[PDB]
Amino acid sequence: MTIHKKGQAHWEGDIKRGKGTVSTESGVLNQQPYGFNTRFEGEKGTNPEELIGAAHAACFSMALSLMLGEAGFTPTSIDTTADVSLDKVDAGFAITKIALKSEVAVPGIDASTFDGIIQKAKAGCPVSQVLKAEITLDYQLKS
């Protein structure tokens, strides 16, 4: 039972002069513009880094819920940010690190066991596993 999900993108002409769009099969991203400027300069807009980050935060959050559930707890709220770094490395760029920042609220859990759980979610979630980048974890745990 292999699951398939698709993303798409379009591009025209030159590297820095060119225009591009990214799409998602669910429609969430119809044909959002993106180009060399939103990736390497600073102009606000999508780029691969940001989508990957969204993907990471999304997968990790689901996973945290999952691991907690197996422990008999139910997150009331889970809020996480995934900051993706695109560093100049050698003759080019590489996505070297992804900083996971998460604020989680869960009824009754002792720090010790919760810490164990988030580590589990952090290292085992599908997206963490497929990424060869350096992944760190920062989190505040309410009550």
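Throughout, we count residues from 1 along the sequence that is shown.
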Quiz item: Which wins on mean Cα temperature factor, 60-68 or 106-114?
Solution: 106-114
Self-check item: Comparing 19-27 with 125-133, the one whose average Cα B-factor in the PDB entry is higher
Solution: 19-27
Exercise. Going by the recorded CA B-factors, say which third of the chain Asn47 sits in, lowest, middle or highest.
Key: middle
Quiz item: What third of its chain's C-alpha B-factors does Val89 belong to: lowest, middle or highest?
Solution: middle
Quiz prompt | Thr80 - which third its CA temperature factor falls in, relative to the rest of the chain | solution = lowest
Quiz item: Among the chain's modelled residues, which third holds the C-alpha B-factor of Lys5?
Solution: middle
Exercise. Sorting the chain's modelled residues by C-alpha B-factor, tell me whether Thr74 ends up in the lowest, middle or highest third.
Key: highest
